[PDB]
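Below is one structure; the comments refer to it alone.
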RNA sequence: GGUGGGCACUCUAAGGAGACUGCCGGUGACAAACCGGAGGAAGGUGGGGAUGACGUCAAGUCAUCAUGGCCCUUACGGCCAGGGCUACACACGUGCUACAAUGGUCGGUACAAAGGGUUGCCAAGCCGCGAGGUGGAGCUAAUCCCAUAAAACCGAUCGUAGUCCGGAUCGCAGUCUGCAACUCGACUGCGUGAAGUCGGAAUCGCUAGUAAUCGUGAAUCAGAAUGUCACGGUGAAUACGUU
Ligand SMILES: [Mg+2]
Ligand SMILES: [Mg+2]
Ligand SMILES: [Mg+2]
Ligand SMILES: [Mg+2]
Ligand SMILES: [Mg+2]
Ligand SMILES: [Mg+2]
Ligand SMILES: [Mg+2]
Ligand SMILES: [Mg+2]
Ligand SMILES: [Mg+2]
Ligand SMILES: [Mg+2]
Ligand SMILES: [Mg+2]
Ligand SMILES: [Mg+2]
Ligand SMILES: [Mg+2]
Ligand SMILES: [Mg+2]
Ligand SMILES: [Mg+2]
């Protein structure tokens, strides 16, 4: 807000893989304060990924995020009769959080049996870049480039 | 429901009036204000004018109302229909 | 078998479907005569299916239960007590609100005049 | 908070304290398992013989200064809007404004 | 072996009373074990402050009850009973046991 | 010999004794794995040892009271940090950099008058 | 810690210490001040509370109380028995419970804080499926009672169905308080099993131990809380910025 007074809060507590991104994803998949349930869900999804194929789950997860984080975003501004949607390069910190949120959001509506399996399926699909999340990402990019006349 | 440690509840005056009136069989409704009272099995066939809230309405006692209470046979609110 | 009992289900859960036996009653039936409620009735021998039939034929099922319930309802209906009068207008008979929120006994919303 | 209200409620606790003991053994006889109905019914009719305005459950306590039915605190004897007056003047011992 | 219990609504005068009883306890030459601070009760009330409808208009009060425990060994001269009038004056409640 | 430490976190208090040994680890006369069952509590309680890399050298005796699982774990970590400082008083810098000796003073905010939770409010219909 | 015992600790509650831009670097009208760093449990009024300037809205209260005038004085004053404030074609405000698989049941086990109790709490044992009943111990309470915390963790099952989801409504049989549970109490057992598949226009709270979720206590009170006031367990996302 106007003050610019609140600095960031750092918590880094990966229990069995020693990765910060995994802990942040556990934060994203959490609901109503269930830390341990989220850890179980994430570990089950990674174990399903490990069992399905020879690929190790951590690298698959990381390169699935790298194939889903958007590059530019659309932000609206009115001028008194029309609101134009200018593109802005997403900050290096925003892209990771946006990717995680999109991944978990489209995992929640995947439609198959359990949340662990839904995450597993989404990670497998995103590692190759064919899920609904990558469709959303490319939609965002095409919308942003279609409004490149404003850019500034 | 009343505890079965004391099943029957009956007002003393109404009880004695009914159990006195049994000698001369049903000839006039017994007017009363005690809706809390429960029908005794031994008073069947006699008519009781129970208080409604402004007047006393008459009820005739058969076997299928022994375990109930007097107040259930005198409705206190009217509601003759909204329209 | 039974009266259109649903198969491919655990014994107690399927037994629940008989309108007069719930969950404690179904497991009581399963316990009175030795059967495993973990076993699907699809896999139970007739020599014990008829045993469950004998156990179920002891209390009440379907037609007689509805008959006695309706007899009680009609008795209340025709006595003329407050319960009967409240029970013939299609209104809650146990003292709940009627100013608002008595929708399960009053069905749809059904507006007001025009 | 009329005068009649206070007077009649005062008469109520006076009448309750009048007997205040026969209720005890009457209810004990009613509630006693090894009592038999023969004398338990007699205790019932004896209990119902007493005036109706004698039970403890008919006592509705009011403010000792205004006779107000609502807003009562039983640690003190006063109501909602006189306890504040007594406390803020320092009359009530031990009571202070608390933050914690 | 006697037991001494003190209660008060505030700590100034109960501390003073504890100090004076314990110094009188040394005076007779009896051993003493120090003052035990017991947990203090705290009872709270919330009261509406308007004569009519304002529910969030509330004021909150509390009462604190302080306790202290003392005991002595080998007594011979008991003027504490003979000074009971002076020992407790205004707002200190004193209990004695096993005299 | 031996060293003492006390830890406090989220109304959870912990007494920690450091002795020479081979990391027996006892909490309320029962084992660590039997105390914290398959969660991050083991790593978070273990960190102040590998940060100073003396996990094998020290046997640890622990008594705990109050709070929940996470508060208990944080209190144990704080107590072990303090005792370890009391043992080898030159490694203050490492634990300060890790932010281990800093006692977190966050507590449960008191409920307010006119509010449901500490900050939640009714819905404020304006008409 | 059952005992002797100790006064280490924890804790309890009184007295004190500590954080004040104090020291260093830079910016600054070598002023106030601003941005950093060290030390430290805490750094920039550390966190939370209480405390509401002159006045405004002829704001609210004559029904807590007090008070000027007016009004009733065989009634607008009193006592009693019943009924009503609990009605019900409908509209609105505030909440609880759900619509499930981050879940529902069955079994095993771990960890709190605050508080109430001698016209009171009301144990152990025994009897009931259960509400509950007998019993009488201890406690004027850091001692006895309320009084097993729940979510979490471990194992099995249910496999996407209006269902082992959801519990409304209704029938039968009961317990307790109370002179008295019909109008019109709260809980228990058996059966029944409704709408509900995440909600149009619109709209609300929240910046960290916060929101979200899980339990516990108290006042009022014979009996009667999804309300109010409090206590802890687990425990986030986001803030580029001021068009
Ligand atoms: Mg007057
Ligand atoms: Mg009352
Ligand atoms: Mg520092
Ligand atoms: Mg607090
Ligand atoms: Mg609104
Ligand atoms: Mg700064
Ligand atoms: Mg600093
Ligand atoms: Mg104020
Ligand atoms: Mg006006
Ligand atoms: Mg007005
Ligand atoms: Mg009356
Ligand atoms: Mg009302
Ligand atoms: Mg169910
Ligand atoms: Mg704010
Ligand atoms: Mg809380």
Can you tell me which of C:16-22, D:52-58, B:68-74 comes out highest on packing, and rank the rest after it, using the mean Cβ neighbours within 10 Å?
-> B:68-74, C:16-22, D:52-58
Which order do peptides B:18-27, D:79-88 fall in by mean Cβ count within 10 Å, highest first?
-> D:79-88, B:18-27
Using Cα atoms only, what is the angle between the long axis of helix F:41-50 and the major principal axis of chain F, expressed in degrees (0 to 90) to the nearest 10?
-> 40
Return the distance in nm (one decimal) between the two label points of a simple spin-label model at residue C:114 and residue E:95, each offset 7 Å from Cα along Cα→Cβ.
-> 8.1
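How many percent of DSSP beta bridges within chain B run antiparallel, rounded to 5? Mind dumping the intermediate values first?
Details: 6 of 9 bridges.
In chain B, DSSP labels about 65 percent of beta bridges as antiparallel.
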Measuring from centroid to centroid over Cα atoms, what is the spacing of region C:20-78 and region A:39-97 in Å?
-> 56
Region E:32-65 residues near the modelled residue D:97 label - backbone nitrogen below 16 Å, point 7 Å along Cα→Cβ | E:45-50, E:57-63
What average count of beta carbons from other chains do you get within 10 Å of the Cβ of residues in E:39-50?
-> 3
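Set the Förster radius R0 to 35 Å, insert the Cβ-Cβ distance between residue C:97 and residue B:3 as r into 1/(1 + (r/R0)^6), and round the FRET efficiency to 0.05. Each step should come with its number before you reach the end.
Numbers: r = 28 Å, r/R0 = 0.80.
Computed FRET efficiency for residue C:97 and residue B:3: 0.80.
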Spin-label model distance (nm) - residue E:86 vs residue C:24, 7 Å beyond Cα toward Cβ = 7.3
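Mind ranking C:68-78, A:90-100, A:37-47, A:131-141 by how tightly packed they are, going by the mean number of other C-beta atoms within 10 angstrom, highest first?
Details: C:68-78: 12.0, A:90-100: 15.3, A:37-47: 18.7, A:131-141: 17.0.
Ranking the peptides C:68-78, A:90-100, A:37-47, A:131-141 by packing returns A:37-47, A:131-141, A:90-100, C:68-78.
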Exercise: per-residue mean of other protein chain Cβ atoms within 10 Å, E:3-15 | 1
Spacing of the two label points (7 Å from each Cα toward its C-beta) at residue E:76 and residue A:51, in nm = 8.7
With only helices counted (DSSP H, runs n ≥ 4, each -39500 (n - 2.57)), the per-residue ellipticity at 222 nm for the protein assembly as shown, to the nearest 500, works out to -11500 deg cm²/dmol
Scaled by the rule-of-thumb 2.2 N^0.38 Å, the alpha carbon Rg for chain C gives a ratio of 1.54
Short version: what are the Cα gyration tensor semi-axes of region C:23-67, square root of 5 times each eigenvalue, largest first, in whole Å?
-> 21, 12, 10
Compute the separation of the alpha-carbon centres of region B:27-68 and region F:11-76 and state it in Å as a whole number.
-> 77
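Rounded to the nearest whole Å³, what is the per residue volume of the convex hull around the Cα atoms of chain F? Write down the numbers at each step before the final one.
Numbers: hull volume 17.5 nm³, N = 127.
Roughly 138 Å³ of hull volume per residue.
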Take the Cα atoms of chain B, find their three principal axes, and give me the spread along each one in whole Å, biggest first.
-> 48, 35, 23
Pairs of Cα atoms under 8 Å, at least six residues apart: use those to get the relative contact order of chain E, whole percent.
-> 48
Counting alpha carbon pairs within less than 8 Å and at least 6 residues apart, what relative contact order, in whole percent, applies to chain C?
-> 17
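Relative contact order of chain D: what whole-number percent is it, with Cα pairs under 8 angstrom and at least 6 residues apart? Don't skip to the answer; put the middle values down first.
Working: 63 pairs, mean separation 22.5, N = 100.
So the answer I get is 23 percent.
With both partners inside the protein assembly as shown, how many of the DSSP beta bridges are antiparallel, as a percent to the nearest 5? Don't skip to the end; give the middle numbers.
On the way: 60 of 65 bridges.
If I count the DSSP bridges inside the protein assembly as shown, around 90 percent turn out antiparallel.
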Would you please state which residues of region B:63-81 a label at residue C:78 would reach in this model, taking the label point 7 Å out along Cα→Cβ and a backbone N cut-off of under 19 Å?
-> B:63-68, B:73
Hey, how much of the P(r) for chain A falls beyond 26 Å, as a percent of Cα pairs?
-> 36
Given the options C:35, C:93, C:12, state which has the largest fluctuation in a GNM of chain C using a 10 Å cut-off (strictly under) for Cα springs.
-> C:93
Spin-label zone in region A:110-147 - amide nitrogen under 19 Å from a point set 7 Å from the Cα of residue A:74 along the C-beta vector | A:132-147
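For C:76-84, what's the mean count of beta carbons from other chains sitting within 10 Å of each residue's beta carbon? Please list the in-between numbers first.
On the way: counts 0, 0, 1, 6, 5, 9, 8, 2, 2.
That average works out to 4.
How large is Rg over Rh for region F:76-127, taking Rg from the Cα atoms and Rh as the Kirkwood inverse mean of 1/r across Cα pairs?
When Rh is taken as the Kirkwood radius, the ratio is 1.42.
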Running Debye on the protein assembly as shown with equal point scatterers at the Cα sites and no solvent, what base-10 log of I(q)/I(0) appears at q = 0.05, 0.10, 0.11 Å⁻¹?
-> -0.60, -1.28, -1.29
Considering region A:81-131, what Rg and Dmax in Å follow from its alpha-carbon atoms?
-> 14.9, 48
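Every number in this text was worked out from the coordinates using simple rules, so none of it is lab data. All Cβ positions, even for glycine, are placed from backbone atoms using ideal geometry, and neighbour counts span all protein chains on display.
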